[PDB]
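Take a look at the structure below.
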6 protein chains.
Amino acid sequence: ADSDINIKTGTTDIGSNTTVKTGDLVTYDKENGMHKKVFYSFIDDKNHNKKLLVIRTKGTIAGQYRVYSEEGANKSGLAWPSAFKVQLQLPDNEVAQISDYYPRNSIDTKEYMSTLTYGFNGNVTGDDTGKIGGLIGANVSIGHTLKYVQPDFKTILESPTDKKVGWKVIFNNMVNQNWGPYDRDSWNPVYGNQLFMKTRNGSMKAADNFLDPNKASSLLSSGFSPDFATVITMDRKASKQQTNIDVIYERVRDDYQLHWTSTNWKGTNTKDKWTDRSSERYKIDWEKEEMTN
Amino acid sequence: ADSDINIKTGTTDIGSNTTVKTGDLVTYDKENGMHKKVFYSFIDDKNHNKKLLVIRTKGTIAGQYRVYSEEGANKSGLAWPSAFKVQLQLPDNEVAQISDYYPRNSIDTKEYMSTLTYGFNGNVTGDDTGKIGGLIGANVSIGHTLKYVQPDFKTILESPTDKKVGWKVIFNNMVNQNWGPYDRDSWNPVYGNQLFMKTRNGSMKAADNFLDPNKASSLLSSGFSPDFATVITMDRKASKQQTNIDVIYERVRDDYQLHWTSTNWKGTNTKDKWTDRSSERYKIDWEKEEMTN
Amino acid sequence: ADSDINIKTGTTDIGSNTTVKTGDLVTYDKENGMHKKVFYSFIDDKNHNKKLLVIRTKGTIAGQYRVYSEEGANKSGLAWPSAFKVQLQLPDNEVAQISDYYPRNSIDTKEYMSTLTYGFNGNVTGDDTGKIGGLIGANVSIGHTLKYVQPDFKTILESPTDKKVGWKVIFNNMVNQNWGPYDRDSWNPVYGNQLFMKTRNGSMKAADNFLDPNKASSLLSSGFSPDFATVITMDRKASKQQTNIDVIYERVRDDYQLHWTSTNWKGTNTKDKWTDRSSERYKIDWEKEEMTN
Amino acid sequence: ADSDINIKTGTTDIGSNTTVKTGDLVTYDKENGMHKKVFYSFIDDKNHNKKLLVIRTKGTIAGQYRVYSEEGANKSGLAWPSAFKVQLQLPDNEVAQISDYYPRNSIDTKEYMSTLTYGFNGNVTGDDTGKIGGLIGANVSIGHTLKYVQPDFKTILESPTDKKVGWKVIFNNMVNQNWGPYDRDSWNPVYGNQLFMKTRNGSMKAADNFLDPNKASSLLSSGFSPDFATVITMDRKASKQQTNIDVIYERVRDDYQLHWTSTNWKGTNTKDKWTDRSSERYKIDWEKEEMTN
Amino acid sequence: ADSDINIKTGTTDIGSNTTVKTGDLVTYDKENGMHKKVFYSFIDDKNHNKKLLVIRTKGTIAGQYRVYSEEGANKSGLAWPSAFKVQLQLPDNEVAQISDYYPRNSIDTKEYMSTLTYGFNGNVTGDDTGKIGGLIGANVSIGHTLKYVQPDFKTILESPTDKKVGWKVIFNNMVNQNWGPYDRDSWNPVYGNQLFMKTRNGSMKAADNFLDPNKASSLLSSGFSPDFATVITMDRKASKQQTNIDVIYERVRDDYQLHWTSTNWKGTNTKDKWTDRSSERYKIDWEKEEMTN
Amino acid sequence: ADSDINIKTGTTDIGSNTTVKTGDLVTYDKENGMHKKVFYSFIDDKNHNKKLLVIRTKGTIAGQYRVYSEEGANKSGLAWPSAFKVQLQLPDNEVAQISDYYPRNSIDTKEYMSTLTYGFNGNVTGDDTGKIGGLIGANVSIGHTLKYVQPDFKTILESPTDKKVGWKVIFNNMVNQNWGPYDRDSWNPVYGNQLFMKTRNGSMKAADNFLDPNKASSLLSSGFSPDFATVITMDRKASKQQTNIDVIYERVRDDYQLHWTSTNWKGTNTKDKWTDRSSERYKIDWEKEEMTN
């Protein structure tokens, strides 16, 4: 921070004594169930060697936890969103560049603890028949413990460039009714993948044996609300003072199926079965400090 | 945040140098027991490309934990609120759009820890008759521990669009007299669903074997006080500067019954039996910056 | 909050550039031992569609943990406060309405923990007689841990309306000399309810066998000091700029009885035996911005 | 708080744009070892309906943990402060009233933890004689855990009125050399009350078996420094603008004795043996905003 | 605080609109190894009824953990600082008084938690010989645990008067090489007091068996750096505006003795063996607002 | 900090009353997949003896975790980034020097806890035949647990000079599918290094037995974003006010090999196989206060 290098806090930041022009661009893609809202801010700091544009991609991408298929009373399919993606892309012929972005990748941590314990014990015995026993034992013990946190979903910043940037919220793993946690690769030889299995040998039909959405992660059904920030820099003396930028909201759905084997239920999950891509193009006008679609 | 992208804190926020006009609209629906209060704020920032209207839905929806059917000393009914919902909706013919909202869906986490232990022990034995003995053992053990937090009720942002948004507070589970927790799908083959039974084999009237409301979550009896924020954008060049918006407060109640099977009590819970819904129509006037109903 | 919807912090709040009129009204009710102080503030924000009055009810209601009765050396009664209530009430003919209130009901939480363990062990025995033995064991375990917080008293907001609002602080449970916790419903077939029993056996008389007030919750004897906020809105165009409002402090006392069974002490608690109600009327003058009584 | 009711923070507070006149009044009572300092502040806010006077009682009441008696080599006495009190009261004929106070009584909490465990274990035995054995067990466990904090001393607000207010800091319990904790009622069949005995069997003089004040709570020896706040309101049109107020500092000491029983030491404690009281009178002048003694 | 009593934060505080005079007085006592620095500030608030002088006693008193006596490989001594003190003292004839001080005595706390578990188990037995066994067990266990923090040194405010105040930081206990802790009273029949013993049976010179100063509390060797605050009040009408004040830094050292018993070492600590005092007199000139020594 | 030495906070900081000139320099090295952004700020404080240039190296270095070689169906390589580095170098002939830098090296800590527990127990036996037994045991136990936090990657400030400074983020260890953690040196004789081995013994191609990048640290695949800051000073009277500075981004990749031994997979990792260097030169002009590349 500034104070760590003996500099007055805030001295190095941009935006002082500048008139900032903001805007809201709202769009709903009905077929894909994506409410897309772009909040941009033009920052022209006369003391900065560049012209800045801050784009915050907000809104909500519907999860759509739906039972899509039903092949009789002993087979049914459940489509669930396994990844949510947001991307901004500048045509390679533009002179604008992607300067900064947030959030970024964080370094994980884990808590480790060792334990060494040893003791002794002596027991004296006897009975009514004047018997006398004895016992002198010992023991040693070595232990290891590993603690770490497991989020249900992961927020990952995909390797960016000066002309593209993107994030993807992916499924990590979930707890099913206090047991697990199960992930996309969990496999039990008798029941297979029990990710969204309600009961292991219930008597109802396949369509009625899936975990209730209210008891799973809210992102599966309700959807995920992004909050990402991208900063675009443009040179003040560039001939072309107009830029086009593409914003893509994307959802990747897997296919989880239950089939009844006449003894118990057996799950199966197939990765990256469907992709819902919703793209839109906006025009950046650096001279007027306005953005439109 | 702005600090993370080397921008002065608060540079990109809206509302600076703007005269904000606020107001309160209070209404009580006697029949449904819903005290509704709408607090709005017109924000017209000449540096923002659109006009803003922030609507905060406040108040409280009575829980109404009640013993409704006192059908003797062997059976009785209890009606409890299993979900509370607040929904705003713009007519599809409106030009205004829903720009932002709060709270949204957060990502759940879970703490995981693995234990690996192994030790050894020796024992020397004997007695008065000169007998001697020995014992040399070993052991290994593998532990897993999963820890996470479970609220009694969930706050869920339902998939929004540019024309409607809503939230729902649903019953997750509850602890009943130091044991549990139980939920709407709990089932014990002997007693059934013990969610709201006071005593397992208590010789009183069915109307008297229900958990004391002071011992259950306060939201069941007293009611739930929403605090939601939704901001509506509007183009300054729109043809019609008046908008209509509907606000719905509704409560869904389940049906829990105690019947005595001549040894003990048996509990049964029926989902989403009743629905209480209070709807209102409000008029937004963007030119005068005032809202009425 | 405001920063979450990209709005400048504090933009939507009321009170900016307004002259606020405050006051104190103090009263002591000697019969019911209630010191009542009402602190109001008149907020007339020209940018608000209504006029505001913020009423804070403060002070303290004495507990009066008392040995009221003594029927000989074998039976004695203890009166303790089981609930403290504060209520504000507007006549239904009034045009003013109750807008907001604090504190409200909060969602409780619990912490769940699951543990799965399984190890192995082998032992090799022997003695001086050239004997040889063995042991190959296995084991599995499944643990469930539930953790949650239990306040001694609960603060509850009772379902409000546009003419009435109230709170109640009810007794939840208490720890008696490191045992328990016990509540109003605790029962033991030998000793009965041991809420305030000092000793299970004693040559002392009944009056000397009750828990020392310094060893119990300070609210039982010293008293409870409320701190509540009620906001009352009034329409500027209303014909009557005078409003009456009733403020009611109230204490409900139970009856805990001890009696000697010639072997041990027996305790019983009778719910809601007495009710100390202290009501007072204040007059609000919206034109001069002052309350009186 | 004010932000919870959509009100600009600090709008409803008193004191803005007011000239505050303060003062220090210091007095030492040598006989009781009490250093008394009274810090007052006159706040005349023309937007408040009454005058305000804020009195903070400070200083230090010496503990005086001492060995007062010495019965040669077998009995001895130790006088320790079991309670410290600070009280302010106006004559019942005064027109001023006590408006507010701090600190008030807080609600205690406790942490609960329920554990349910069940597991299985199998054993296979054998020896050199071709013997074979078996073992198949099952177990269950039901745990409870209660956790709460126990301060060495309690700060209690006595039931206040419009003419009297006071606080008392009482001895709750104490840990003696990593054992206990003991309180004023701890009793051991052979040793009695071990509150302040150094050694249970140690052969010394009675005057040398008491715990060293550096090892007990610092409030016993060094003394307790109060910090309390009281607010007195006065009507601007009251006939007489002078008020008298009495401030009392108290210390109540118990009597702990050790006697030798020819095997060990036997401790005994007698509650509230001695009371040290220091009363002082101050004059309040509301016209000049001045206080004297 | 002020916000607790509905008063604007900071309204009551002293020092508003006043010119403050500050100063430093640095002195080193070579004999006693005490670097003494006094930092005073003169505050004359025209809205305060008396003048103020804030004296901060700073600097550091060298520990001087040194092995002084060397009597051959059999015996040796170690002088260590067992207490550090700082005192301010006004001559009795002065009219100025001591008004406030910091830090003060605080109330210690502890964590108490009771546990109650009970389980059942059954074991079936058998062998090749058609033998059958059985076992039905039960158990119960009540636990108690106590948790509290122990600092190496205690900061104690000695009972103040209006003419003198003082503090003292005393040795509480210390952990020696991962085991202990040990205080000045710790005694073992074999080794005695192992406070500063490096090894139980090392065959080195007694001067070489003492704990390495880097493995002990840094205050023993490096020294203790006080930071105390004392505020002196003075009447504006006082006849004499000149005051004398004494500032005393003193260190008390104990005597730890190690001698060889031909099998192991023996520890012996003699309380309060030595005492170093460094007194200095300063002059306070209330008219010029300056202090000198 | 300043408050610790009785100095007004921020008094000794740089930047007050200065016009700061900032800039952004963005570059993308496509071959090495490095998005490099340099954010500089010129601070010319007239009260500072030298000029300042605060360089912040930001951007993202792609991880590029991928299967570089599939040597049939039982031999495959995986190239993963073991260390990421950032360097700034001033040519030896420059008069400017490196003044400060952040982050720096911090001292690690660990929690240590020594347990000592002992007990006693007695058991009385019997049977139907009149047989009587006895048992009296004693035990003792000495424990030591160590606990510390260890991140997946460690960020290290390399020994800097007045002409160059650098940082390196090195792989510490990682948990593989709830077990481990493994590092570059982990070695199991049966399976070798299991760092990125998906299954200990499956039946698939070696290219299909590597840990899924979504289950590994995000830095391995997505990349690492430096947030490193460097301060450069320059004399105002220096002969020439131009300076060249080199900025280097690096990525060192190890080589992980899987080979099938017809019983199980065997992993092996060879440290620092490859090095990716991306260097760039910038020109610093202290007169215009601008930086170019």
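Labels used: A, B, ... for chains in the order of the structure tokens, numbers from 1 for residues in each chain, and numbers from 1 for ligands as shown.
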Please give chain F as a tab-separated table (two decimals) with C-alpha atoms, in the first residue's frame, after it has been superposed on chain B by least squares over all Cα atoms paired in order.
```
chain	number	residue	atom	x	y	z
F	1	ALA	CA	-13.12	-2.38	-5.67
F	2	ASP	CA	-11.79	0.89	-7.09
F	3	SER	CA	-8.59	0.77	-5.03
F	4	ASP	CA	-7.84	-2.59	-6.67
F	5	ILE	CA	-7.71	-1.00	-10.13
F	6	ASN	CA	-5.75	2.05	-8.92
F	7	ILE	CA	-8.84	4.29	-9.06
F	8	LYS	CA	-9.67	6.78	-6.31
F	9	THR	CA	-12.35	5.28	-4.08
F	10	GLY	CA	-15.86	6.39	-4.98
F	11	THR	CA	-14.87	7.96	-8.30
F	12	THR	CA	-17.22	5.72	-10.32
F	13	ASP	CA	-20.25	5.97	-8.01
F	14	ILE	CA	-23.55	7.70	-8.79
F	15	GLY	CA	-25.21	10.47	-6.79
F	16	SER	CA	-22.53	13.17	-6.66
F	17	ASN	CA	-23.89	16.72	-6.97
F	18	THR	CA	-27.52	15.58	-7.08
F	19	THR	CA	-30.66	16.56	-5.17
F	20	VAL	CA	-32.36	13.31	-4.13
F	21	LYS	CA	-36.13	13.22	-3.59
F	22	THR	CA	-37.36	10.54	-1.18
F	23	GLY	CA	-40.70	9.36	0.12
F	24	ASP	CA	-42.50	6.80	2.26
F	25	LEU	CA	-45.62	4.84	1.26
F	26	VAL	CA	-47.13	2.84	4.14
F	27	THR	CA	-49.99	0.35	3.80
F	28	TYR	CA	-51.49	-2.40	5.98
F	29	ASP	CA	-53.41	-5.32	4.45
F	30	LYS	CA	-55.41	-6.38	7.49
F	31	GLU	CA	-56.72	-9.69	6.17
F	32	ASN	CA	-53.24	-10.98	5.29
F	33	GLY	CA	-51.50	-9.27	8.22
F	34	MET	CA	-48.89	-7.49	6.09
F	35	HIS	CA	-47.48	-4.08	6.97
F	36	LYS	CA	-46.03	-2.84	3.68
F	37	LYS	CA	-43.75	0.21	3.49
F	38	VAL	CA	-42.13	1.38	0.24
F	39	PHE	CA	-39.20	3.81	0.54
F	40	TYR	CA	-38.20	5.27	-2.83
F	41	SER	CA	-35.61	7.82	-3.91
F	42	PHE	CA	-35.27	9.63	-7.24
F	43	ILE	CA	-31.64	10.15	-8.30
F	44	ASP	CA	-31.16	12.34	-11.38
F	45	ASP	CA	-27.40	12.54	-11.99
F	46	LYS	CA	-26.72	14.88	-14.91
F	47	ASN	CA	-23.60	12.80	-15.60
F	48	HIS	CA	-25.62	9.57	-15.80
F	49	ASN	CA	-27.17	8.52	-19.11
F	50	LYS	CA	-30.48	7.56	-17.46
F	51	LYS	CA	-32.65	8.42	-14.49
F	52	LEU	CA	-32.70	6.21	-11.40
F	53	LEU	CA	-35.41	5.15	-8.94
F	54	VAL	CA	-34.25	3.16	-5.90
F	55	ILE	CA	-37.15	1.23	-4.37
F	56	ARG	CA	-36.65	-0.38	-0.96
F	57	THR	CA	-39.40	-2.80	0.06
F	58	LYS	CA	-39.59	-2.82	3.86
F	59	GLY	CA	-42.16	-3.78	6.48
F	60	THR	CA	-43.20	-7.01	8.14
F	61	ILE	CA	-45.16	-10.07	7.02
F	62	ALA	CA	-46.86	-11.71	10.00
F	63	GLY	CA	-45.94	-15.35	10.54
F	64	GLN	CA	-49.27	-16.48	12.01
F	65	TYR	CA	-48.03	-19.80	13.46
F	66	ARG	CA	-51.16	-21.12	15.16
F	67	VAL	CA	-53.33	-24.20	15.69
F	68	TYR	CA	-56.03	-23.83	13.04
F	69	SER	CA	-57.94	-27.04	13.78
F	70	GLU	CA	-58.47	-29.20	16.88
F	71	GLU	CA	-59.99	-32.45	15.59
F	72	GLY	CA	-61.00	-33.79	18.98
F	73	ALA	CA	-58.25	-34.84	21.37
F	74	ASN	CA	-55.86	-36.87	19.18
F	75	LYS	CA	-55.96	-34.97	15.85
F	76	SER	CA	-54.98	-31.35	15.28
F	77	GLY	CA	-53.50	-29.10	12.61
F	78	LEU	CA	-50.88	-26.35	12.78
F	79	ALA	CA	-50.55	-23.76	10.02
F	80	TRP	CA	-47.03	-22.37	9.77
F	81	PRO	CA	-45.40	-20.06	7.20
F	82	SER	CA	-43.00	-22.04	5.03
F	83	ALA	CA	-41.98	-19.23	2.66
F	84	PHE	CA	-42.22	-15.44	2.49
F	85	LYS	CA	-41.97	-13.65	-0.86
F	86	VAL	CA	-41.67	-10.12	-2.24
F	87	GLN	CA	-42.11	-9.24	-5.91
F	88	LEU	CA	-41.93	-6.16	-8.12
F	89	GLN	CA	-43.35	-6.31	-11.65
F	90	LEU	CA	-43.22	-3.75	-14.44
F	91	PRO	CA	-46.03	-4.08	-17.01
F	92	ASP	CA	-44.65	-5.59	-20.20
F	93	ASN	CA	-45.41	-2.40	-22.16
F	94	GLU	CA	-43.22	-0.19	-19.95
F	95	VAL	CA	-39.98	1.25	-21.28
F	96	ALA	CA	-38.37	1.36	-17.83
F	97	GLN	CA	-36.20	-1.61	-16.91
F	98	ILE	CA	-34.86	-3.17	-13.74
F	99	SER	CA	-31.17	-2.31	-13.47
F	100	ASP	CA	-29.91	-3.71	-10.15
F	101	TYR	CA	-31.00	-5.48	-6.97
F	102	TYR	CA	-29.77	-6.52	-3.53
F	103	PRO	CA	-29.27	-8.93	-1.79
F	104	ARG	CA	-28.15	-11.48	-4.38
F	105	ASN	CA	-27.10	-15.12	-4.31
F	106	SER	CA	-23.83	-15.96	-2.58
F	107	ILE	CA	-21.62	-19.01	-2.85
F	108	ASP	CA	-21.66	-21.32	0.16
F	109	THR	CA	-18.56	-22.93	1.65
F	110	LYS	CA	-17.58	-25.77	3.97
F	111	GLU	CA	-14.55	-26.79	6.04
F	112	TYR	CA	-12.96	-30.18	5.38
F	113	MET	CA	-10.30	-31.91	7.49
F	114	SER	CA	-8.66	-35.30	6.92
F	115	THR	CA	-7.02	-36.98	9.92
F	116	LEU	CA	-4.46	-39.81	9.83
F	117	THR	CA	-3.25	-41.29	13.13
F	118	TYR	CA	-1.34	-44.48	13.92
F	119	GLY	CA	0.42	-45.82	16.99
F	120	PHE	CA	2.09	-48.77	18.68
F	121	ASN	CA	1.97	-50.20	22.18
F	122	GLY	CA	3.53	-52.99	24.21
F	123	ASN	CA	2.40	-54.54	27.48
F	124	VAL	CA	4.32	-56.87	29.81
F	125	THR	CA	2.25	-59.09	32.10
F	126	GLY	CA	2.91	-61.14	35.21
F	127	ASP	CA	1.47	-62.62	38.38
F	128	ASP	CA	2.44	-64.20	41.69
F	129	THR	CA	2.88	-67.69	40.18
F	130	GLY	CA	5.85	-66.63	38.03
F	131	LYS	CA	3.68	-66.41	34.92
F	132	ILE	CA	4.87	-63.92	32.31
F	133	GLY	CA	2.97	-62.46	29.38
F	134	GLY	CA	3.48	-60.19	26.42
F	135	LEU	CA	1.52	-58.04	24.00
F	136	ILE	CA	2.54	-55.91	21.02
F	137	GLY	CA	-0.13	-53.99	19.15
F	138	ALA	CA	-0.40	-51.60	16.22
F	139	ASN	CA	-3.34	-49.55	14.97
F	140	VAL	CA	-4.26	-47.10	12.22
F	141	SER	CA	-7.10	-44.63	11.77
F	142	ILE	CA	-8.38	-42.55	8.84
F	143	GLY	CA	-10.82	-39.75	9.58
F	144	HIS	CA	-12.91	-37.21	7.69
F	145	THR	CA	-14.90	-34.41	9.32
F	146	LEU	CA	-17.12	-31.97	7.45
F	147	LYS	CA	-18.38	-28.69	8.88
F	148	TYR	CA	-20.75	-26.06	7.48
F	149	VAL	CA	-23.27	-23.48	8.68
F	150	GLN	CA	-26.95	-23.79	7.79
F	151	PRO	CA	-29.45	-21.08	8.79
F	152	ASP	CA	-33.06	-21.72	9.74
F	153	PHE	CA	-34.22	-19.70	6.71
F	154	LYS	CA	-32.55	-19.08	3.36
F	155	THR	CA	-33.00	-15.80	1.49
F	156	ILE	CA	-32.89	-16.32	-2.26
F	157	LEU	CA	-32.92	-13.94	-5.20
F	158	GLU	CA	-35.17	-15.49	-7.83
F	159	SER	CA	-34.06	-15.42	-11.46
F	160	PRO	CA	-34.89	-11.82	-12.40
F	161	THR	CA	-35.60	-10.22	-15.78
F	162	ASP	CA	-35.67	-6.63	-17.01
F	163	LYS	CA	-39.38	-6.45	-16.13
F	164	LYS	CA	-39.65	-8.25	-12.77
F	165	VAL	CA	-37.57	-9.31	-9.79
F	166	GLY	CA	-38.31	-11.13	-6.57
F	167	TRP	CA	-36.98	-12.79	-3.45
F	168	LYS	CA	-38.14	-15.69	-1.29
F	169	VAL	CA	-37.21	-16.64	2.29
F	170	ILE	CA	-37.76	-20.39	2.64
F	171	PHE	CA	-37.65	-22.69	5.65
F	172	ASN	CA	-34.38	-24.61	5.70
F	173	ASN	CA	-34.51	-26.57	8.97
F	174	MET	CA	-34.84	-26.12	12.71
F	175	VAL	CA	-33.51	-27.62	15.95
F	176	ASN	CA	-36.32	-28.97	18.16
F	177	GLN	CA	-35.50	-28.88	21.88
F	178	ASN	CA	-31.74	-29.44	21.49
F	179	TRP	CA	-32.29	-32.30	19.01
F	180	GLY	CA	-32.59	-32.53	15.25
F	181	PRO	CA	-32.43	-30.55	13.11
F	182	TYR	CA	-35.69	-31.36	11.31
F	183	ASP	CA	-36.96	-30.08	7.98
F	184	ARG	CA	-40.10	-30.40	5.88
F	185	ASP	CA	-38.87	-33.82	4.70
F	186	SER	CA	-37.63	-35.26	8.01
F	187	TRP	CA	-39.35	-38.62	8.53
F	188	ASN	CA	-39.06	-41.07	11.43
F	189	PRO	CA	-41.01	-44.32	10.95
F	190	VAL	CA	-42.03	-44.43	14.62
F	191	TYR	CA	-43.17	-40.81	14.95
F	192	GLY	CA	-43.19	-39.41	11.42
F	193	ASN	CA	-42.18	-35.76	11.12
F	194	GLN	CA	-41.37	-34.39	14.59
F	195	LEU	CA	-40.84	-30.80	13.36
F	196	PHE	CA	-43.28	-29.22	15.85
F	197	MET	CA	-44.06	-32.18	18.15
F	198	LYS	CA	-43.67	-31.06	21.77
F	199	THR	CA	-43.57	-34.54	23.34
F	200	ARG	CA	-43.00	-37.85	21.58
F	201	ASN	CA	-45.68	-39.50	23.72
F	202	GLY	CA	-47.61	-37.56	26.37
F	203	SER	CA	-51.21	-37.52	27.60
F	204	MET	CA	-52.82	-34.26	26.49
F	205	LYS	CA	-54.91	-32.80	23.69
F	206	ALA	CA	-53.32	-32.70	20.25
F	207	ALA	CA	-53.71	-28.93	20.45
F	208	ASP	CA	-51.39	-29.03	23.49
F	209	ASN	CA	-48.53	-31.05	21.96
F	210	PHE	CA	-47.11	-28.43	19.58
F	211	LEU	CA	-43.77	-26.73	20.13
F	212	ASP	CA	-44.11	-23.47	22.02
F	213	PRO	CA	-43.65	-20.50	19.64
F	214	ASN	CA	-41.16	-18.96	22.07
F	215	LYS	CA	-38.96	-22.04	21.56
F	216	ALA	CA	-39.18	-21.91	17.75
F	217	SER	CA	-37.67	-19.50	15.26
F	218	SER	CA	-39.08	-16.02	15.83
F	219	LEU	CA	-39.90	-15.72	12.12
F	220	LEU	CA	-42.53	-18.47	12.39
F	221	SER	CA	-44.73	-16.50	14.79
F	222	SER	CA	-43.60	-12.87	14.82
F	223	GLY	CA	-42.97	-12.45	11.08
F	224	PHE	CA	-40.24	-11.49	8.65
F	225	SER	CA	-39.08	-7.99	7.71
F	226	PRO	CA	-37.75	-7.64	4.14
F	227	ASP	CA	-34.97	-5.12	3.51
F	228	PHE	CA	-34.84	-5.65	-0.26
F	229	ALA	CA	-33.65	-2.95	-2.67
F	230	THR	CA	-34.40	-2.52	-6.38
F	231	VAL	CA	-33.01	0.04	-8.85
F	232	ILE	CA	-35.12	1.07	-11.86
F	233	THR	CA	-33.68	3.01	-14.81
F	234	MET	CA	-35.53	5.08	-17.39
F	235	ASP	CA	-34.45	6.95	-20.50
F	236	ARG	CA	-34.57	10.73	-20.31
F	237	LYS	CA	-36.04	10.95	-23.83
F	238	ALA	CA	-38.71	8.29	-23.29
F	239	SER	CA	-42.05	9.07	-24.92
F	240	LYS	CA	-44.11	8.97	-21.71
F	241	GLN	CA	-42.54	9.60	-18.29
F	242	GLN	CA	-45.14	7.62	-16.32
F	243	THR	CA	-44.80	4.02	-15.19
F	244	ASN	CA	-46.85	1.53	-13.19
F	245	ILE	CA	-45.24	-1.05	-10.90
F	246	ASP	CA	-46.78	-3.88	-8.89
F	247	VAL	CA	-45.50	-4.92	-5.47
F	248	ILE	CA	-46.63	-8.26	-4.06
F	249	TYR	CA	-46.17	-9.66	-0.57
F	250	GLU	CA	-46.81	-13.38	-0.13
F	251	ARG	CA	-46.85	-16.02	2.58
F	252	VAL	CA	-47.08	-19.76	1.84
F	253	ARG	CA	-48.21	-21.89	4.79
F	254	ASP	CA	-47.84	-25.66	5.14
F	255	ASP	CA	-50.02	-27.93	7.30
F	256	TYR	CA	-48.54	-29.96	10.18
F	257	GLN	CA	-50.75	-32.72	11.62
F	258	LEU	CA	-50.54	-34.65	14.89
F	259	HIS	CA	-52.49	-37.87	15.43
F	260	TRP	CA	-52.28	-40.21	18.42
F	261	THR	CA	-51.54	-43.88	17.73
F	262	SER	CA	-52.14	-45.06	21.33
F	263	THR	CA	-48.40	-45.58	21.74
F	264	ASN	CA	-47.04	-42.22	20.61
F	265	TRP	CA	-47.80	-39.14	18.53
F	266	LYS	CA	-47.19	-39.18	14.78
F	267	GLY	CA	-46.47	-35.99	12.84
F	268	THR	CA	-47.02	-35.27	9.16
F	269	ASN	CA	-46.45	-32.10	7.14
F	270	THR	CA	-48.00	-31.28	3.75
F	271	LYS	CA	-46.01	-28.74	1.74
F	272	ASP	CA	-47.48	-25.49	0.37
F	273	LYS	CA	-51.07	-25.94	1.54
F	274	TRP	CA	-52.09	-22.26	1.41
F	275	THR	CA	-50.93	-19.06	-0.27
F	276	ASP	CA	-51.57	-15.51	0.95
F	277	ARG	CA	-51.14	-12.90	-1.79
F	278	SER	CA	-51.30	-9.17	-1.08
F	279	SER	CA	-50.78	-7.09	-4.21
F	280	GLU	CA	-50.59	-3.33	-4.68
F	281	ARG	CA	-50.09	-0.97	-7.62
F	282	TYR	CA	-48.06	2.25	-7.60
F	283	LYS	CA	-47.69	5.03	-10.16
F	284	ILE	CA	-44.21	6.36	-10.97
F	285	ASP	CA	-43.99	9.92	-12.33
F	286	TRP	CA	-40.49	10.67	-13.60
F	287	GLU	CA	-41.19	14.36	-14.26
F	288	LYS	CA	-42.28	15.35	-10.75
F	289	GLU	CA	-40.05	12.67	-9.20
F	290	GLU	CA	-42.83	11.37	-6.96
F	291	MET	CA	-44.47	7.97	-6.47
F	292	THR	CA	-48.05	7.31	-5.35
F	293	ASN	CA	-50.43	4.43	-4.69
```
